[PDB]
């Protein structure tokens, strides 16, 4: 018998997948999570007592981004082991393909929070290998279900590439992506490339965006904006074609932007 329901903050959320919480936790009808320190508890009564005792009102680590009430905390897995393990167990309830939960020392975790008077409430996160031999700028990326399809996933994608830009490198999410993750990356790639083409080789777009040439090419191919000539992909678009795509309905929701001026981060 697995965890199938959690209470976190003011949300109740049904599980999507098995997560390896200890057996005596899974047997409970519901798992209760502190939204600030991510301690998981078996009972409403232990949860209530914890909420009156727990002093955390935001993630640990350093706040590397803050604009208005949107915040990102960078949490090193070796410095905040228990917190990152609890985050990975929570994330695994909603990710099919995540496989690492307890060996969190090789990872850095970027926690997205939405702030009010009571504290900084967790929306989602992405993990990132401190040293990625494969050039992955995201390992896992997860938005909690009640915040999905509301701009927060796009924010975290954009954020991951802003880190890659500051590292003077290109990067790509680790595969396989969740179904919603695939749609989200394709939408983000399309809007970023189209806006750059409206305002350039494939290599130029890559240096400007930190999107890999492969991801640029596959995105341009889905837009039918690339020709093939003697073994080379070449951009083939008219400014008018770019503008038709850009004012289609899917590019109409006003994003939460990543303001590079509010990003406080030096590359390792």
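Numbering follows the first chain given and starts at 1.
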item	value
Unmodelled deposited residues flanked by residue 199 on one side and residue 200 on the other	4 to 9
Per the entry, higher mean C-alpha B factor between 33 to 41 and 227 to 235	227 to 235
Mean Cα B-factor comparison, 237 to 245 or 208 to 216, giving the higher one as deposited	237 to 245
Highest recorded Cα temperature factor - choice among 114, 103, 129, 74	103
Residue 182 by Cα B-factor - lowest, middle or highest third of the modelled chain	middle
Among modelled residues of the same chain, the CA temperature factor third for residue 55	highest
Cα B factor band for residue 8 (lowest, middle or highest third within the chain)	lowest
B-factor third for the C-alpha atom of residue 28 within its chain	highest
Position of residue 151 among the chain's modelled residues by C-alpha B-factor, lowest, middle or highest third	lowest
